[PDB]
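Visitor: One structure is given below, represented as structure tokens, and several questions about it will come after.
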Amino acid sequence: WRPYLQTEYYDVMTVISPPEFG
């Protein structure tokens, strides 16, 4: 699973992924 669709998911779930780093 090359780095293509993987990001496609995070793009929508970026409001609970990077925001958790806090």
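Naming scheme: A, B, ... for chains in displayed order of the structure tokens; residues 1 onward per chain; ligands 1 onward as shown.
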Out of chain A, which residues get alpha helix (DSSP H) from DSSP, as a ChimeraX atom specification?
Guide: /A:5-10
Visitor: Can you spit out the residues from that selection as a short mmCIF file (atom, residue, chain, number, x, y, z; two decimals), in the first residue's frame, using N, CA and C atoms?
Guide:
```
data_model
loop_
_atom_site.label_atom_id
_atom_site.label_comp_id
_atom_site.auth_asym_id
_atom_site.auth_seq_id
_atom_site.Cartn_x
_atom_site.Cartn_y
_atom_site.Cartn_z
N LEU A 5 -3.31 6.51 -1.08
CA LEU A 5 -4.64 6.56 -0.48
C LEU A 5 -4.56 6.76 1.03
N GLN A 6 -3.43 6.36 1.61
CA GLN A 6 -3.22 6.50 3.05
C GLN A 6 -3.50 7.92 3.50
N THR A 7 -2.92 8.89 2.80
CA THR A 7 -3.11 10.30 3.14
C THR A 7 -4.54 10.75 2.85
N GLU A 8 -5.15 10.14 1.84
CA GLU A 8 -6.52 10.48 1.47
C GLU A 8 -7.46 10.34 2.66
N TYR A 9 -7.12 9.44 3.57
CA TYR A 9 -7.93 9.20 4.76
C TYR A 9 -7.65 10.25 5.83
N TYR A 10 -6.37 10.53 6.05
CA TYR A 10 -5.97 11.51 7.05
C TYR A 10 -6.47 12.90 6.68
#
```
